[PDB]
Protein chains: 4
Amino acid sequence: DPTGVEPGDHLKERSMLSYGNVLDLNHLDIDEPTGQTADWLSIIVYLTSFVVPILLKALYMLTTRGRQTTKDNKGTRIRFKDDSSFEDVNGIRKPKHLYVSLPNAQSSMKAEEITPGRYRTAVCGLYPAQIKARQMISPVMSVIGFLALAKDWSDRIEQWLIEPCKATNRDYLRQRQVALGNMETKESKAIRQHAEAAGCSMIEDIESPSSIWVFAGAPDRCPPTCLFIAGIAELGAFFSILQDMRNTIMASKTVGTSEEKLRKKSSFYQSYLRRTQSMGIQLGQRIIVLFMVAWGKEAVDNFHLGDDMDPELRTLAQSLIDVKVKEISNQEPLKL
Amino acid sequence: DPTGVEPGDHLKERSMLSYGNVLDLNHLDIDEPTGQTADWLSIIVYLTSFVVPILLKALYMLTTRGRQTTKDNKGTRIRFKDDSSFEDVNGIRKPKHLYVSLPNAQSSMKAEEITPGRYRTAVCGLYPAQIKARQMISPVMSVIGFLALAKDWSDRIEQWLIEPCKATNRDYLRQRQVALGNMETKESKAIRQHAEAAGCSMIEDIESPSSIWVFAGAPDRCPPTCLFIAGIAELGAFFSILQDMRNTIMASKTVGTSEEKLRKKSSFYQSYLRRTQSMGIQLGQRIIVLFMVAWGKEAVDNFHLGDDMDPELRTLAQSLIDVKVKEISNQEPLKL
Amino acid sequence: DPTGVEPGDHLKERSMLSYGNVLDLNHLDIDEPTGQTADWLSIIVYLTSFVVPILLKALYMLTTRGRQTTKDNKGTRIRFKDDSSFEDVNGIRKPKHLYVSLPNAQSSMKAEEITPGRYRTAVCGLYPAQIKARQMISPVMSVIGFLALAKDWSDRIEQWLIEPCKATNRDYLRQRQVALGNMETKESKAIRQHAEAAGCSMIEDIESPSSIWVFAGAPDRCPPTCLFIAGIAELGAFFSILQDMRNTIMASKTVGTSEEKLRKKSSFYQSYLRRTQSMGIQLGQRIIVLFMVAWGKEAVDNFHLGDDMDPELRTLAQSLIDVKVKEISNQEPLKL
Amino acid sequence: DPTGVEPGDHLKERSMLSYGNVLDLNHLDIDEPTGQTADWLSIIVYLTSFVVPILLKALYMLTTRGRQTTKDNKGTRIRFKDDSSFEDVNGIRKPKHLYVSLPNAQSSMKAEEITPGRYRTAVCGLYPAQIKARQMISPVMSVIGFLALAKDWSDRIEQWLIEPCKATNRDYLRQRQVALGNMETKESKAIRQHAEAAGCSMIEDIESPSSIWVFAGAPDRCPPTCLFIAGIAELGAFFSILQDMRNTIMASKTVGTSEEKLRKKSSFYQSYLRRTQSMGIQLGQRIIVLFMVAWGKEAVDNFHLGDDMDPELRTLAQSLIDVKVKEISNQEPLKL
């Protein structure tokens, strides 16, 4: 019987549940400490050793064509090769490689090992002006309405800074700026001092025109540069909340069972909060509430929320897939 | 240590993940616009400059022997040479060449540059009668049951046109035909006017016997000829949905981890929809639902779905490969 | 500009992809049927018309010095000439020639036309005893450990036949022998009847000492002689699986991009299965699994897997080649 | 029909492939052992029986005018005759002859039989000083930039020996020298003892001014004299790698099909490695990497790489040749 029972199954009767995917425990370690954040000094000194076309091309392959690269080689380390990276060995142009690491769900990672989340965080923190000039937005930003918020940002943040607080909230951001100037580590001072000499252009305040473009490649946490600038980390929290809102709307739209509705939604604000508060900061929730009052409605009015397929078509095709797979084998049929 | 660590690795400890393939960013550009479709006027005037044996032989090497040509020289431009193409320089028969371009996953392409998808689209749109006469079906059509749908197409589409809609659906296709006769661009008018004078035989409606043979070489999108014929583009969407259904059944059949099940399935309907709606059309989903109700069951009953190897054999051989590769080097072992 | 653009290029800008090799469609036909196997009655009656020194010398030039002959004249027909072949025209010793045909990747072939795969199949099926006596193994057998499996074959197959099945598996092979004695064509009966009178020594069972030597010259499919002997065709499938295992290990060892890792591995078991099942047989997978359990480990322990060059040397030299070729012309630089 | 079919063709229809050259199996033996290297004791005692003008003149006809001699009489043994070689039979000056043997691709050779590769190896190992004095470089050395590496060799190797290793690498070569003084055969001791009494001047180390001139006549393997001198065999491997690099650049430059690009490149390092490791040595790859870091760039900067003919001219002429040959006969047209 092809759908009877597998070898090595330890129960003689067929279970009521169908079989599923195999969890590979080879790439997992146990002996790591429970809190092991990124180093962020080794990562910035590594990524500032390169020349910016290979960095922007790797950012393009991880953001705009990111789903294809994560579908092709996930669970392995990737070498990036370009003509612009050199190793001058007596005139021979030996290629220098960029190493990212695309981890699995079951995968212990090192402290300085660069995931694509860490890479997008570091590159979007270092070079926002080139991302602004090249209009390089990831598709996960493009579905929550990043483009309409970035059409007229120089007037948008000027109208936001002129609103009265509950004096305008420029004074509130200035008080936040003094509170962060008292409360910062020397590690971020080393990061700013190093990246200034590396040659990237810094950002002084949220009033800069290339300020929303720090979150254009959708980093997983706020970058170490533009951390103590008093109004940027809360703006990344605002965009993470918009991502979770879109995921809950898309999870509630789909007719289906309980576990796939639960599977379709995501927890981005929890991970953003954990990874941001781990860097020595306290997110003020009041500023996030100010952004939600300011442009929470226009973003949700400009979500994507596209119905991809006719539901009568999808139901019929998925039913036919399910009948065929339950005829052939004993696996759980995947979704169309 | 041969499996210790590579040179230029920037972390002193061995990572938990094995190394993988190198992504070459040399053939990628950034400064292209975000939407740059094909020209389709330059491509038709280029491919109608040739003589049909070199076109049908290149179609044979891209469809029937397509996997071997994409394995041999991928990431480069291919010259096709045949005796039938001339350049009469004072009697000297200088060979004229056909240029296709087989792109990589990391590769920006021009507007008029001919990929094999564009080539199969243009050739299958121009010359369906010779493909019908020579019985030239690609192996990706041969696994989703194209042959049994093309055995008796003249009676099949006659029984489909006689069914009552929810008057028969001939009136629905005629209303669709009037709606497309109002809504069409002058560019497709130029394509039809040019390809009529070039000498290829047109198709007037879906009732023609060489109508299913437009999708015999499996184009990536529906061709510019046979676009405004009201019932052909939805039939290509139906075949793309059949391809995605077969890929999901084959992905659910395989015992294995999550990422290789996700790697084995494909997204053909998304690309077909994007590339078809980019040409100035709106696919009516109702006609696709009509085709799925009509012959969705017979196609899935006639899928290939062949078990290629004994799974006990494949598991044993792949385990032995994995043990040997993990003994020798630090790369990720490929699948048998 | 020498690297600017070629004549006859139909696009004014330089493409991102470099140019590649020319595919010659002159030797390809379209009007062949989709399934056209070899005749195998004309081929055996042709190759038994000759005298065995010219056959063994042509087998030597196609197996042991086969890479040089396929590099020199590929895509053409080869005349083999020796003093031992005669045409007695009134005492004049006119030389008789052996015609093989080394086809290209783009090349339609006739039914009775002898490729080197067909030639190695026919010669290794007819004369295994002389190949055993002369120790004539091809280098593609020599890398998958054919010599250690052929050191002590008379004791090896005796220990395999004495193992208990899941009664020993001699009874299983005898049941397979009865099933093949019921199921065989008269064409193979004509082949055995003809080649017995031609003068070659037959093989009765797998217990013969010259039984592994049928696959010493590495045929592409199992020979028509020694087809219905119940245990030989599965042994050729076992050796084809060993070839694919070595090719996947060698493809996974090499640091490089995705398409050249995909290019380095081979699909030998698919072609062996297609060409063997086309001759009127059904390969029992259980016997192949028995061989993999029996001596799958010793063969993989005795693969060649030789690191040909220091990788630091190869990387440096290939980088220098790539820089020079990208300076000179617009072609894709070949591998060192 | 002159292009219809040949007599003795065994297939009634014309094949798609054109006919090619005849492989002559007369000069091939089968019963040789699989490893039969040169004797190198008989060859040195044979070539030291002569007087050096006939040796240098035969070296001139095999290196500098070598292509003409291999075009004229290939596949046969050559007698070399000069006035300087005697046979004193009671005062009569009977001429003594030098016998070389120019073998075919299909040709078994004896152990002591002198091919031109063996001859160039022995003569360039015995007499480097006269080759230095007469400036006798082969044209295959002249295209990979031997002259610029041999302009200032006494300062070049002095700057190489003074570089620090990873202490300078003189200590590394001295450690290699001690390792070879422990590991050498008595056969090479007999060769050095015999050739010292024959009258040729030995070489003590790589620091000698006539040290690069051992590889001026381009031997096929490193000579038996100057084998255990710790730094000379790796220098011959370096020059063989330069030959393979030039052949791959010239193979990638040519527009054409796949098999002639594959035909134009050569495998010299494989044959050099096989024939050198067969003499009882282990090539250290580190020294070859040191030479590639040292003067890999200057040699490739001084390759010949000459475009012999205008490609528009060559394409037109070759097309006209191909049309005429396909009109006349059924052979494959040769390249212009």
# chains A, B, ... in the order shown; residues from 1 in each chain; ligands from 1
call {"tool": "interface_residues", "arguments": {"of": "chain C", "to": "chain B", "cutoff": "9 Å", "atoms": "only C-alpha atoms", "output": "PyMOL selection string"}}
result
chain C and resi 8-11+13+15-26+28-31+105-106+241-242+244-246+248-263+270+285-286+288-289+292-293+296-297+300-301+331-332
call {"tool": "residues_around", "arguments": {"residues": "residue D:139", "least_positions_apart": "5", "cutoff": "10 Å", "atoms": "only C-alpha atoms", "output": "list in words"}}
result
residues 63, 64, 65, 66, 67, 144, 146, 216, 217 and 218 of chain D
call {"tool": "closest_residue", "arguments": {"among": "D:92, D:200, D:62, D:195", "to": "residue D:45", "atoms": "only C-alpha atoms"}}
result
D:195
call {"tool": "residues_around", "arguments": {"residues": "residue C:304", "least_positions_apart": "3", "cutoff": "8 Å", "atoms": "only C-alpha atoms", "output": "ChimeraX atom specification"}}
result
/C:142-145
call {"tool": "write_last_selection", "arguments": {"atoms": "C-alpha atoms", "output": "PDB file, in the first residue's frame"}}
result
ATOM      1  CA  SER C 142      37.942   3.012 -13.201  1.00  0.00           C
ATOM      2  CA  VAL C 143      36.799   5.993 -11.125  1.00  0.00           C
ATOM      3  CA  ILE C 144      33.771   4.272  -9.553  1.00  0.00           C
ATOM      4  CA  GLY C 145      35.828   1.330  -8.292  1.00  0.00           C
TER       5      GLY C 145
END
